[PDB]
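So the structure is just underneath, and the comments pick up after that.
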Amino acid sequence: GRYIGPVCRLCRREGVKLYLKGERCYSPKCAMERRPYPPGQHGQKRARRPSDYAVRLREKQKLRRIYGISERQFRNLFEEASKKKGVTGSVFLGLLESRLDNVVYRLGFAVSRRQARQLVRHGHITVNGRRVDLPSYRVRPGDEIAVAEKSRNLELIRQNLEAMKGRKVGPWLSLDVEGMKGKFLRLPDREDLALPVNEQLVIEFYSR
Amino acid sequence: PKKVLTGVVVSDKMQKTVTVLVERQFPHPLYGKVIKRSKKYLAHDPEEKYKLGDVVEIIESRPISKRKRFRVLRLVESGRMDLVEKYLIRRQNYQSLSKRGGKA
Amino acid sequence: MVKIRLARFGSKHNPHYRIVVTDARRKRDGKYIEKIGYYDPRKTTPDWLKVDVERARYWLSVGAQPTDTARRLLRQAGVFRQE
RNA sequence: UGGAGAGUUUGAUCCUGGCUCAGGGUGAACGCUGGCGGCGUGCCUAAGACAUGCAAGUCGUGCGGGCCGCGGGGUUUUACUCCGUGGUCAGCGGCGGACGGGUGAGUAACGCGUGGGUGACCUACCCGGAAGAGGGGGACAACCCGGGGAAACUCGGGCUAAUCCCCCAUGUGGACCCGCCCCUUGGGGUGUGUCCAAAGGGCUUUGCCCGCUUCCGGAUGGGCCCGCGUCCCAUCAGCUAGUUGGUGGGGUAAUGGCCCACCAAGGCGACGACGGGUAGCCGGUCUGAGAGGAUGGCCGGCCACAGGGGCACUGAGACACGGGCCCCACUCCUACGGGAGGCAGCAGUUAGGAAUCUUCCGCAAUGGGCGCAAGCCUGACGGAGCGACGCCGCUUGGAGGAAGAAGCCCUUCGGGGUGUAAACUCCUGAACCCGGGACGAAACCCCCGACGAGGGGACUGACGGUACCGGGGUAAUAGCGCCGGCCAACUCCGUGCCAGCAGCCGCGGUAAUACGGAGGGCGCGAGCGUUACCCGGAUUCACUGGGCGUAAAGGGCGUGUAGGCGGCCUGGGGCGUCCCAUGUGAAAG
Ligand SMILES: [Mg+2]
Ligand SMILES: [Mg+2]
Ligand SMILES: [Mg+2]
Ligand SMILES: [Mg+2]
Ligand SMILES: [Mg+2]
Ligand SMILES: [Mg+2]
Ligand SMILES: [Mg+2]
Ligand SMILES: [Mg+2]
Ligand SMILES: [Mg+2]
Ligand SMILES: [Mg+2]
Ligand SMILES: [Mg+2]
Ligand SMILES: [Mg+2]
Ligand SMILES: [Mg+2]
Ligand SMILES: [Mg+2]
Ligand SMILES: [Mg+2]
Ligand SMILES: [Mg+2]
Ligand SMILES: [Mg+2]
Ligand SMILES: [Mg+2]
Ligand SMILES: [Mg+2]
Ligand SMILES: [Mg+2]
Ligand SMILES: [Mg+2]
Ligand SMILES: [Mg+2]
Ligand SMILES: [Mg+2]
Ligand SMILES: [Mg+2]
Ligand SMILES: [Mg+2]
Ligand SMILES: [Mg+2]
Ligand SMILES: [Mg+2]
Ligand SMILES: [Mg+2]
Ligand SMILES: [Mg+2]
Ligand SMILES: [Mg+2]
Ligand SMILES: [Mg+2]
Ligand SMILES: [Mg+2]
Ligand SMILES: [Mg+2]
Ligand SMILES: [Mg+2]
Ligand SMILES: [Mg+2]
Ligand SMILES: [Mg+2]
Ligand SMILES: [Mg+2]
Ligand SMILES: [Mg+2]
Ligand SMILES: [Mg+2]
Ligand SMILES: [Mg+2]
Ligand SMILES: [Mg+2]
Ligand SMILES: [Mg+2]
Ligand SMILES: [Mg+2]
Ligand SMILES: [Mg+2]
Ligand SMILES: [Mg+2]
Ligand SMILES: [Mg+2]
Ligand SMILES: [Mg+2]
Ligand SMILES: [Mg+2]
Ligand SMILES: [Mg+2]
Ligand SMILES: [Mg+2]
Ligand SMILES: [Mg+2]
Ligand SMILES: [Mg+2]
Ligand SMILES: [Mg+2]
Ligand SMILES: [Mg+2]
Ligand SMILES: [Mg+2]
Ligand SMILES: [Mg+2]
Ligand SMILES: [Mg+2]
Ligand SMILES: [Mg+2]
Ligand SMILES: [Mg+2]
Ligand SMILES: [Mg+2]
Ligand SMILES: [Mg+2]
Ligand SMILES: [Mg+2]
Ligand SMILES: [Mg+2]
Ligand SMILES: [Mg+2]
Ligand SMILES: [Mg+2]
Ligand SMILES: [Mg+2]
Ligand SMILES: [Mg+2]
Ligand SMILES: [Mg+2]
Ligand SMILES: [Mg+2]
Ligand SMILES: [Mg+2]
Ligand SMILES: [Mg+2]
Ligand SMILES: [Zn+2]
């Protein structure tokens with residue numbers, strides 16, 4: 001994926017599990033277990049009252065870190081969203097969620113987003129029956145996201161779709177565990193997501 | 001359409017030519033207030049038919065000389081040196097504002 | 001004299017001509033007198049050639065001389081067809 | 001649908017007020033770092049100088065020749081001489097060289113923008129329409145002969161063709177003078193008089209094609225004029241005598257002091273003349289809530305310039321970047337007499353500079369010139385090259401993995417941190433290998449058909465064996481800035497007003513979260529910082545949106561000129577103002 005480096009050290013710094021590793025992020029080993037405090041020599045030091053600014057800086061980091069997106073891309077998406085019609089907060093979340101690499105995570109083909117990102121890159125994914133190896137690729141209502149017919153027998157893809165059997169998926173989505181096909185029914189709504197982020201602080205972060 | 005302007009004849013001391021002082025009004029591009037700006041046109045008069053104080057219409061014309069690209073169309077109303085006076089005084093007032101002394 | 005020719009408007013390796021009426025002396029991509037169509041050589045979309053025969057005919061009737069490729073296209077759209 | 005503020009003057013406070021930071025932007029440059037690709041973009045300085053190659057030609061269907069062939073005739077044979085055909089060379093003649101490409105030096109201007117005017121005009125080639133091309137004559141190159149020069153080349157003598165020059169004719173028509181009429185600044189008509197046309201060529205030859213002439217018109221391109229708009233200094237206030245106007249003339253496609261002779265005495269200026277500084281203008285671009293500020297690279301339009309200055313010739317068009325003449329500076333050749341040159345075309349060199357690229361591939365595509373066509377020419381252009389210079393996409397892995405290795409590290413010595421990070425397990429599989437392999441190209445052309453409409457056929461790819469598709473396949477670059485406050489991030493040690501930081505506040509004179517290192521941390525990541533510069537915040541020139549008792553700011557007072565401003569009622573006009581319609585507002589953005 002992106003960033004490349006200790007990931008659980010970010011959950012630590014955000015003091016909120018940003019579930020991004022699949023297993024472990026459930027088992028008593030997410031570091032957020034018996035180690036909730038942030039990383040570094042001063043992790044357990046009595047934290048000082050954060051500054052109005054620090055607060056918005058961390059909220060924007062928590063969000064962007066969840067999708068594993070660069071600030072360059074995050075910002076470009078936010079600006080696009082800003083000028084667009086409709087509550088910038090939701091539209092922004094709507095867009096982040098429309099990234100192919102994300103839709104793959106959402107459909108369970110991958111246990112995490114970094115994995116989903118690698119699956120898309122290595123050509124194991126297909127949009128509308130055509131190979132699309134762009135994590136930033138924007139899915140649109142009606143698109144069918146499937147597993148590449150030649151990758152349908154990958155040891156990883158099996159166990160991952162096996163686990164999706166009986167398992168429910170986002171209301172704005174829908175998948176057929178059999179044909180390993182997914183469907184982007186519609187852009188998710190604020191209420192559809194359960195993100196540990198007050199995106200209002202993010203809009204504010206970009207007006208400073 | 002050949003521009004038609006209306007002004008006052010301030011100069012007459014010319015052969016087959018009269019000077020027409022034309023004014024115009026317009027809002028200041030930045031400050032709004034309506035301001036009056038003026039301009040003198042040397043208009044053609046083949047018959048030396050117009051004199052000082054004559055308010056005449058001037059029409060855009062084929063060059064008659066350097067400076068002369070307008071001809072006197074018609075007379076709008078005559079005699080009225082009140083208009084010529086402003087010009088004259090304003091002209092004489094130029095004596096005071098300079099480096100040399102002047103009973104302006 | 002005035003011509004009916006193609007003006008280049010795509011991008012590198014992505015040519016998209018614009019069938020225009022211009023004086024023979026202008027840059028091929030300079031100021032034309034009128035656009036009367038367009039043409040995508042690679043036919044990337046079903047609509048890779050529009051012409052407006054009406055207009056093509058007005059200019060032809062007043063002098064406009066089309067290049068060879070220009071008429072090839074104008075004809076393909078029935079500018080000269082009289083059936 | 002659009003507007004965030006912060007630090008810093010005091011012991012403390014409020015205010016005033018400047019400085020400074022957070023944001024965005026750039027033809028960038030510099031430092032450390034640096035993997036792939038697409039698309040853009042790259043001398044901003046000395047408009048300094050330029051080696052070399054290339055950057056405009058093309059027509060044998062306009063003409064006659066020279067040189068080098070091949071072949072056929074006249075003849076009993078030679079000499080001699082006639083014809084046909086191929087190549088080649090320039091010449092005459094024509095169309096193009098006034099476009100395309102470059103640069104912004106100059107210019108503060110009708111230069112540009114915008115809206116209009118031309119009864120004051122032009123427009124090659126293209127399109128439509130009308131009429132026509134009968135006869136005669138001439139010369140100059142080529143070539144041949146001779147002369148002067150080192151060369152550049154130049155002088156003379158002789159011959160010759162034409163779509164070259166001239167004469168006579170026809171006069172559709174058109175031009176001019178005078179008159180009349182309609183219009184009304186030189187528009188249109190008409191009458192007499194005068195004046196003016198032409199070119200030939202080719203065959204799928206006794207017609208058809210290419211072309212010629214005069215005229216009316218179309219289309220396109222352009223000249224000239226006018227209103228309005230277009231930077232700083234008033235420590236620049238007076239300026240002007242071709243100056244301002246008139247008459248006549250010259251000139252031009254055309255108006256005009258455009259130019260000239262003569263006459264008048266004018267014209268311009270504080271609503272900023274003249275003078276000085278700076279500057280190509282615009283569509284737009286950047287910024288800004290907006291108003292506005294700044295700007296004009298790339299692309300598109302206009303202008304201007306082609307070593308500096310002047311000038312005109314030829315042309316439909318030039319006062320002409322790769323045409324001509326002269327003066328000047330300079331380089332070069334020189335037999336010193338005298339000559340040859342001008343990359344602000346592409347590429348490249350050299351100089352200057354903090355700094356800006358390949359002496360590349362192709363004319364396959366689009367566009368241009370010339371040709372009936374074949375086709376030739378196109379450093380326009382289409383492409384590839386170099387540079388993180390900009391934008392976008394992408395990679396350096398994915399999942400599992402200890403209450404947690406080693407080292408480093410802090411330690412109240414018990415532990416704490418780096419760290420699921422690593423190792424390691426498994427999975428995928430950037431690179432790279434093999435295979436296939438494009439779109440961009442269908443026209444011109446030729447056949448059928450009328451050299452038309454329409455139908456049919458063939459040739460043609462620089463990029464490129466590149467994109468893309470399929471098979472195989474390795475875990476496989478990370479950096480830079482920062483952590484006193486503003487401003488997200490703290491500890492040890494070294495140092496001791498030193499060494500040094502420092503955008504502004506300010507740090508350092510022995511326990512320094514501010515120097516240097518280290519661990520750790522924050523931020524961003526193929527980049528990150530720095531310097532410079534523009535807009536913002538800065539209502540810090542305030543039109544929106546500020547002020548002047550004591551903060552900077554009321555003129556020492558008055559009189560009064562221009563100018564600004566102006567009581568109540570009615571009426572006309574309708575300039576300002578408002579409304580409707582309509583035209584314009586190129587494309588790109
Ligand atoms: Mg595979
Ligand atoms: Mg702001
Ligand atoms: Mg302040
Ligand atoms: Mg004080
Ligand atoms: Mg203090
Ligand atoms: Mg380097
Ligand atoms: Mg490039
Ligand atoms: Mg330059
Ligand atoms: Mg040379
Ligand atoms: Mg060449
Ligand atoms: Mg023989
Ligand atoms: Mg020849
Ligand atoms: Mg040009
Ligand atoms: Mg000046
Ligand atoms: Mg002019
Ligand atoms: Mg006109
Ligand atoms: Mg015209
Ligand atoms: Mg004709
Ligand atoms: Mg003859
Ligand atoms: Mg001879
Ligand atoms: Mg000789
Ligand atoms: Mg002779
Ligand atoms: Mg003869
Ligand atoms: Mg005759
Ligand atoms: Mg006649
Ligand atoms: Mg008349
Ligand atoms: Mg007449
Ligand atoms: Mg007549
Ligand atoms: Mg013939
Ligand atoms: Mg005087
Ligand atoms: Mg005169
Ligand atoms: Mg004349
Ligand atoms: Mg005189
Ligand atoms: Mg001046
Ligand atoms: Mg300049
Ligand atoms: Mg804007
Ligand atoms: Mg403002
Ligand atoms: Mg603006
Ligand atoms: Mg502007
Ligand atoms: Mg430039
Ligand atoms: Mg341009
Ligand atoms: Mg011009
Ligand atoms: Mg030079
Ligand atoms: Mg001439
Ligand atoms: Mg040159
Ligand atoms: Mg140097
Ligand atoms: Mg070509
Ligand atoms: Mg061509
Ligand atoms: Mg891992
Ligand atoms: Mg060809
Ligand atoms: Mg036939
Ligand atoms: Mg055909
Ligand atoms: Mg690895
Ligand atoms: Mg600091
Ligand atoms: Mg802080
Ligand atoms: Mg020391
Ligand atoms: Mg110390
Ligand atoms: Mg101390
Ligand atoms: Mg420290
Ligand atoms: Mg301001
Ligand atoms: Mg104030
Ligand atoms: Mg005071
Ligand atoms: Mg007082
Ligand atoms: Mg005083
Ligand atoms: Mg009143
Ligand atoms: Mg008044
Ligand atoms: Mg009234
Ligand atoms: Mg009115
Ligand atoms: Mg209007
Ligand atoms: Mg319109
Ligand atoms: Mg537009
Ligand atoms: Zn976690």
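As shown in the structure tokens, the chain order sets the letters A, B, ...; within each chain, residues go from 1, and ligands are also counted from 1 in the order they appear.
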Within 8 Å of ligand 53, counting only C-alpha atoms (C1' of nucleotides) and all ligand atoms, residues as a ChimeraX atom specification: /D:397,475-476
Would you save the residues from that selection as a PDB file, in the first residue's frame, using N, CA and C atoms (P, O5', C5', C4', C3', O3' and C1' of nucleotides)?
ATOM      1  P     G D 397       8.858  -2.178   0.380  1.00  0.00           P
ATOM      2  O5'   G D 397       7.423  -2.729   0.790  1.00  0.00           O
ATOM      3  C5'   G D 397       6.263  -1.928   0.617  1.00  0.00           C
ATOM      4  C4'   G D 397       5.226  -2.666  -0.202  1.00  0.00           C
ATOM      5  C3'   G D 397       4.239  -3.533   0.554  1.00  0.00           C
ATOM      6  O3'   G D 397       3.176  -2.729   1.049  1.00  0.00           O
ATOM      7  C1'   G D 397       5.054  -4.749  -1.287  1.00  0.00           C
ATOM      8  P     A D 475      11.690 -13.281  -4.413  1.00  0.00           P
ATOM      9  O5'   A D 475      12.018 -11.758  -4.035  1.00  0.00           O
ATOM     10  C5'   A D 475      12.117 -11.333  -2.663  1.00  0.00           C
ATOM     11  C4'   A D 475      11.746  -9.868  -2.519  1.00  0.00           C
ATOM     12  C3'   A D 475      11.443  -9.403  -1.085  1.00  0.00           C
ATOM     13  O3'   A D 475      12.519  -8.731  -0.394  1.00  0.00           O
ATOM     14  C1'   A D 475       9.938  -8.476  -2.702  1.00  0.00           C
ATOM     15  P     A D 476      13.945  -8.441  -1.129  1.00  0.00           P
ATOM     16  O5'   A D 476      13.622  -7.484  -2.363  1.00  0.00           O
ATOM     17  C5'   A D 476      14.691  -6.960  -3.165  1.00  0.00           C
ATOM     18  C4'   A D 476      14.186  -5.872  -4.079  1.00  0.00           C
ATOM     19  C3'   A D 476      13.427  -4.765  -3.387  1.00  0.00           C
ATOM     20  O3'   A D 476      14.391  -3.883  -2.746  1.00  0.00           O
ATOM     21  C1'   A D 476      12.349  -5.423  -5.424  1.00  0.00           C
TER      22        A D 476
END
Distance query residue D:505 at most 12 Å, only C-alpha atoms (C1' of nucleotides), self and fewer than 2 positions along chain excluded, as a list in words: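 Here the answer would be residues 7, 8, 19, 20, 21, 484, 485, 486, 502, 503 and 507 of chain D.
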Could you save the residues just selected, with N, CA and C atoms (P, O5', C5', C4', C3', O3' and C1' of nucleotides), as a PDB file, in the first residue's frame?
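Result saved to out-v1.pdb:
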ATOM      1  P     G D   7      -1.462  36.302  19.455  1.00  0.00           P
ATOM      2  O5'   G D   7       0.071  36.464  19.082  1.00  0.00           O
ATOM      3  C5'   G D   7       0.996  35.430  19.383  1.00  0.00           C
ATOM      4  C4'   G D   7       2.376  35.831  18.942  1.00  0.00           C
ATOM      5  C3'   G D   7       2.854  37.162  19.477  1.00  0.00           C
ATOM      6  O3'   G D   7       3.365  37.006  20.795  1.00  0.00           O
ATOM      7  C1'   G D   7       3.230  37.096  17.155  1.00  0.00           C
ATOM      8  P     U D   8       3.154  38.181  21.870  1.00  0.00           P
ATOM      9  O5'   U D   8       4.071  39.342  21.303  1.00  0.00           O
ATOM     10  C5'   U D   8       5.472  39.187  21.247  1.00  0.00           C
ATOM     11  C4'   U D   8       6.081  40.306  20.452  1.00  0.00           C
ATOM     12  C3'   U D   8       5.657  41.701  20.879  1.00  0.00           C
ATOM     13  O3'   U D   8       6.405  42.167  21.995  1.00  0.00           O
ATOM     14  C1'   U D   8       5.512  41.528  18.528  1.00  0.00           C
ATOM     15  P     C D  19       4.776  47.690   7.257  1.00  0.00           P
ATOM     16  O5'   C D  19       5.752  46.733   8.067  1.00  0.00           O
ATOM     17  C5'   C D  19       7.140  47.005   8.166  1.00  0.00           C
ATOM     18  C4'   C D  19       7.787  46.032   9.114  1.00  0.00           C
ATOM     19  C3'   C D  19       7.495  44.569   8.841  1.00  0.00           C
ATOM     20  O3'   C D  19       8.367  44.022   7.874  1.00  0.00           O
ATOM     21  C1'   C D  19       7.120  44.998  11.114  1.00  0.00           C
ATOM     22  P     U D  20       7.826  42.878   6.869  1.00  0.00           P
ATOM     23  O5'   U D  20       7.625  41.598   7.799  1.00  0.00           O
ATOM     24  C5'   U D  20       8.720  40.984   8.465  1.00  0.00           C
ATOM     25  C4'   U D  20       8.229  39.915   9.413  1.00  0.00           C
ATOM     26  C3'   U D  20       7.301  38.880   8.820  1.00  0.00           C
ATOM     27  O3'   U D  20       7.980  37.908   8.053  1.00  0.00           O
ATOM     28  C1'   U D  20       6.399  39.596  10.859  1.00  0.00           C
ATOM     29  P     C D  21       7.203  37.165   6.852  1.00  0.00           P
ATOM     30  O5'   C D  21       6.353  36.060   7.623  1.00  0.00           O
ATOM     31  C5'   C D  21       7.008  35.118   8.475  1.00  0.00           C
ATOM     32  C4'   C D  21       6.015  34.201   9.131  1.00  0.00           C
ATOM     33  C3'   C D  21       4.969  33.601   8.218  1.00  0.00           C
ATOM     34  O3'   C D  21       5.504  32.477   7.558  1.00  0.00           O
ATOM     35  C1'   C D  21       3.922  34.423  10.153  1.00  0.00           C
ATOM     36  P     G D 484      11.669  23.906  19.010  1.00  0.00           P
ATOM     37  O5'   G D 484      11.061  24.815  20.165  1.00  0.00           O
ATOM     38  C5'   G D 484      10.844  24.298  21.457  1.00  0.00           C
ATOM     39  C4'   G D 484      10.364  25.394  22.371  1.00  0.00           C
ATOM     40  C3'   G D 484       9.190  26.192  21.841  1.00  0.00           C
ATOM     41  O3'   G D 484       7.963  25.559  22.168  1.00  0.00           O
ATOM     42  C1'   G D 484      10.879  27.689  22.482  1.00  0.00           C
ATOM     43  P     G D 485       6.741  25.629  21.128  1.00  0.00           P
ATOM     44  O5'   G D 485       6.222  27.137  21.214  1.00  0.00           O
ATOM     45  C5'   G D 485       5.616  27.656  22.396  1.00  0.00           C
ATOM     46  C4'   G D 485       5.078  29.046  22.135  1.00  0.00           C
ATOM     47  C3'   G D 485       4.308  29.176  20.830  1.00  0.00           C
ATOM     48  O3'   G D 485       2.943  28.782  20.930  1.00  0.00           O
ATOM     49  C1'   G D 485       5.878  30.932  20.969  1.00  0.00           C
ATOM     50  P     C D 486       2.240  28.014  19.698  1.00  0.00           P
ATOM     51  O5'   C D 486       2.092  29.119  18.562  1.00  0.00           O
ATOM     52  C5'   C D 486       1.255  30.241  18.750  1.00  0.00           C
ATOM     53  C4'   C D 486       1.540  31.266  17.695  1.00  0.00           C
ATOM     54  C3'   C D 486       1.453  30.714  16.288  1.00  0.00           C
ATOM     55  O3'   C D 486       0.092  30.584  15.928  1.00  0.00           O
ATOM     56  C1'   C D 486       3.383  32.036  16.467  1.00  0.00           C
ATOM     57  P     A D 502      19.492  29.712  11.131  1.00  0.00           P
ATOM     58  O5'   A D 502      18.441  30.823  11.540  1.00  0.00           O
ATOM     59  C5'   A D 502      17.251  30.431  12.198  1.00  0.00           C
ATOM     60  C4'   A D 502      16.670  31.577  12.958  1.00  0.00           C
ATOM     61  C3'   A D 502      16.625  32.880  12.193  1.00  0.00           C
ATOM     62  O3'   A D 502      15.511  32.849  11.332  1.00  0.00           O
ATOM     63  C1'   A D 502      17.448  33.280  14.346  1.00  0.00           C
ATOM     64  P     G D 503      15.661  33.328   9.809  1.00  0.00           P
ATOM     65  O5'   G D 503      14.535  34.448   9.766  1.00  0.00           O
ATOM     66  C5'   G D 503      14.233  35.168   8.593  1.00  0.00           C
ATOM     67  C4'   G D 503      12.825  35.660   8.684  1.00  0.00           C
ATOM     68  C3'   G D 503      12.510  36.324  10.005  1.00  0.00           C
ATOM     69  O3'   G D 503      12.882  37.695   9.871  1.00  0.00           O
ATOM     70  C1'   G D 503      10.859  34.690   9.492  1.00  0.00           C
ATOM     71  P     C D 507      14.580  35.180  25.170  1.00  0.00           P
ATOM     72  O5'   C D 507      15.389  34.082  24.354  1.00  0.00           O
ATOM     73  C5'   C D 507      16.600  33.545  24.836  1.00  0.00           C
ATOM     74  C4'   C D 507      16.938  32.298  24.060  1.00  0.00           C
ATOM     75  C3'   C D 507      18.267  31.673  24.419  1.00  0.00           C
ATOM     76  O3'   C D 507      18.137  30.925  25.612  1.00  0.00           O
ATOM     77  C1'   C D 507      18.125  31.838  22.084  1.00  0.00           C
TER      78        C D 507
END
Non-local contacts of stretch 26-39 of chain D (7 Å; only C-alpha atoms (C1' of nucleotides); under 4 positions in same chain excluded) as number ranges by chain: D: 44, 297, 354-355, 477, 479, 526
Residues within 12 Å of residue D:433, only C-alpha atoms (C1' of nucleotides), excluding chain neighbours under 5 positions, as a list in words: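 Skipping anything fewer than 5 positions along the chain leaves residues 471, 472, 473 and 474 of chain D.
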What are the closest atom pairs, with distances in Å to one decimal, for all residues of chain D lying within 6 Å of chain A? Consider only C-alpha atoms (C1' of nucleotides), order rows by chain and residue number, and present the result as a tab-separated table.
residue	atom	partner	partner_atom	distance
D:398	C1'	A:115	CA	5.3
D:417	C1'	A:41	CA	4.9
D:421	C1'	A:6	CA	5.9
D:520	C1'	A:41	CA	5.6
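Around ligand 20, the neighbouring residues within 6 Å, taking only C-alpha atoms (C1' of nucleotides) and all ligand atoms, come to residues 143, 144 and 159 of chain D.
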Residue hits in chain D, query chain B, radius 9 Å, only C-alpha atoms (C1' of nucleotides), as a VMD selection string: chain D and resid 116 to 118 120 185 225 to 227 237 to 238 244 to 246 255 to 257 264 to 266 269 to 271 543 561 to 562 575 to 576
Ligand 64 neighbours within 10 Å using only C-alpha atoms (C1' of nucleotides) and all ligand atoms, as an MDAnalysis selection string: chainID D and resid 555:557
If you take only C-alpha atoms (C1' of nucleotides) and all ligand atoms and a cut-off of 8 Å, which residues of chain D touch ligand 62, and what are their nearest atom pairs and distances in Å to one decimal, in chain and number order, as JSON lines?
{"residue": "D:550", "atom": "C1'", "partner": "ligand 62", "partner_atom_place_in_ligand_line": "1 (Mg)", "distance": 7.5}
{"residue": "D:551", "atom": "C1'", "partner": "ligand 62", "partner_atom_place_in_ligand_line": "1 (Mg)", "distance": 6.9}
{"residue": "D:552", "atom": "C1'", "partner": "ligand 62", "partner_atom_place_in_ligand_line": "1 (Mg)", "distance": 6.7}
{"residue": "D:553", "atom": "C1'", "partner": "ligand 62", "partner_atom_place_in_ligand_line": "1 (Mg)", "distance": 7.4}
All alpha helix (DSSP H) residues (DSSP, backbone) inside chain B, as a list in words: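 Filtering chain B down to alpha helix (DSSP H) leaves residues 81, 82, 83, 84, 85, 86, 87, 88, 89, 90, 91 and 92 of chain B.
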Between chain D and ligand 17, at 12 Å or less, what are the per-residue closest atom pairs and their distances in Å? Count only C-alpha atoms (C1' of nucleotides) and all ligand atoms, order by chain and rising residue number, and return it as JSON lines.
{"residue": "D:121", "atom": "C1'", "partner": "ligand 17", "partner_atom_place_in_ligand_line": "1 (Mg)", "distance": 10.4}
{"residue": "D:122", "atom": "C1'", "partner": "ligand 17", "partner_atom_place_in_ligand_line": "1 (Mg)", "distance": 9.0}
{"residue": "D:123", "atom": "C1'", "partner": "ligand 17", "partner_atom_place_in_ligand_line": "1 (Mg)", "distance": 7.6}
{"residue": "D:217", "atom": "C1'", "partner": "ligand 17", "partner_atom_place_in_ligand_line": "1 (Mg)", "distance": 11.1}
{"residue": "D:218", "atom": "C1'", "partner": "ligand 17", "partner_atom_place_in_ligand_line": "1 (Mg)", "distance": 9.1}
{"residue": "D:219", "atom": "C1'", "partner": "ligand 17", "partner_atom_place_in_ligand_line": "1 (Mg)", "distance": 7.9}
{"residue": "D:220", "atom": "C1'", "partner": "ligand 17", "partner_atom_place_in_ligand_line": "1 (Mg)", "distance": 7.6}
{"residue": "D:221", "atom": "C1'", "partner": "ligand 17", "partner_atom_place_in_ligand_line": "1 (Mg)", "distance": 8.3}
{"residue": "D:222", "atom": "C1'", "partner": "ligand 17", "partner_atom_place_in_ligand_line": "1 (Mg)", "distance": 9.1}
Interface list for chain C, partner chain D, 7 Å threshold, only C-alpha atoms (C1' of nucleotides), as a PyMOL selection string: chain C and resi 1-2+6-8+23+25+28+30-31+41-42+61-65+68-69+72+81-83
Cut-off 12 Å, only C-alpha atoms (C1' of nucleotides) and all ligand atoms, neighbours of ligand 11 as a PyMOL selection string: chain D and resi 69-73+81-85
Give as a PDB file with C-alpha atoms (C1' of nucleotides), in the first residue's frame the residues surrounding ligand 50 up to a distance of 10 Å, considering only C-alpha atoms (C1' of nucleotides) and all ligand atoms.
ATOM      1  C1'   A D 374       3.050  12.248 -61.768  1.00  0.00           C
ATOM      2  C1'   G D 375       5.437  14.852 -58.299  1.00  0.00           C
ATOM      3  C1'   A D 443      -7.338  10.693 -50.476  1.00  0.00           C
ATOM      4  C1'   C D 444      -4.518  12.383 -54.520  1.00  0.00           C
ATOM      5  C1'   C D 445      -4.135   8.370 -58.632  1.00  0.00           C
ATOM      6  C1'   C D 459      -0.121   2.721 -53.274  1.00  0.00           C
ATOM      7  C1'   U D 460       1.164   5.022 -48.749  1.00  0.00           C
TER       8        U D 460
END
